[PDB]
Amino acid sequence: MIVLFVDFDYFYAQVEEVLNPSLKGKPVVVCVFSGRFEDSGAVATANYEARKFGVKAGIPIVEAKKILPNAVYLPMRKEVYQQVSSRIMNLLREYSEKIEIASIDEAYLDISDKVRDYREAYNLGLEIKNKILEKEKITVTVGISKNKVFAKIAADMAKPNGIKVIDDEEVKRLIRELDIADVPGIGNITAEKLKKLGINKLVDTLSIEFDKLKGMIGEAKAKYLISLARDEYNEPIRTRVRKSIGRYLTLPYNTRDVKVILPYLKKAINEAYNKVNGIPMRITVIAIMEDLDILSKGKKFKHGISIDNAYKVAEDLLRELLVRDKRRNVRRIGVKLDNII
């Protein structure tokens, strides 16, 4: 199996630069403004000119502005980014049908029965890059390896505007030298738990008894990590099915008054419904509380949920959450549409 992973470089910011070539070479900070205060909210994506100063995704906007007070701060334009992305994805479909659209800016291609050699793979990666740059004016990073995980590692190593192959031998070396924290799917929580016990590299997870590993990080990731370190990850390209579409709004203040909350919830459902190209069979209401804790209550039907009962159902789920948590106020309210068609 030969897998080619495509990772659109600093996507949102880069789309902004394409829409405005006068931004290129300037710190660009694409943010999610929350509307509560001016400058409230978080950074969503920043270009390299910004991230070289610590201004990156996840940090509060006011921190960003503290570090880089003269950068170009732009609000999320997700509909645009998504149009561009759908075009690049369609573009990618010409090179393979076995394709997994992992997210808005990431996609996996099984080019196995379509190259037969890693040279062809590299060259095809250059072809893909040149095509994408030519048609959509954005640079991507291509990773190529023996599976999805190492393709992604390759991309991670070559960002931005890179191309990288990880042959079998380099896989062998990587199992031994690559930090657990750099393993795709492994975040800071898992990495910290493992780090506490001297588990630092992939091969390290072999040194510890399975039951103990599972006891630390859960069966799933334990099986995952181990299979990687044994170089037995054989997982195939699964075509899409990412059936979650969400929408979240921050309330004008914290409150338990459904009379205040429900309105914002409906608009959320509204904007959620037109973002999706199909019908959800399951709806979940999601409340972010005042202590930032999150409550979910959802319902699935054997049929599609029209927007008009999405309102009713979601109001029921909301009231239900307000019974479930009699203590805290709500700070943000949202919805997740699942099981789409």
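Heads up: residue numbers just count along the shown sequence, starting at 1.
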The stretch whose C-alpha atoms carry the larger average B-factor in the entry, 10-18 or 321-329, is 321-329
Given the B-factors recorded for C-alpha atoms, which segment has the greater mean, 58-66 or 36-44?
-> 36-44
Residue with maximal Cα B-factor (values as given in the PDB entry) among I226, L74, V149, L91 | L91
Reading the B-factor column of the entry, which of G187, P236, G143, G218 has the highest value at its C-alpha atom?
-> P236
Would you check the entry's CA temperature factor for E177 and let me know if it's in the chain's lowest, middle or highest third?
-> middle
Looking at the entry's B-factor column for C-alpha atoms only, identify whether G198 ranks in the lowest, middle or highest third of its chain.
-> highest
Classify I166 as lowest, middle or highest third according to the C-alpha B-factor given in the PDB entry, relative to its own chain.
-> middle
What third of the chain, by the recorded C-alpha B-factor, contains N274?
-> highest
Which third, lowest, middle or highest, does the CA B-factor of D105 fall in along this chain?
-> lowest
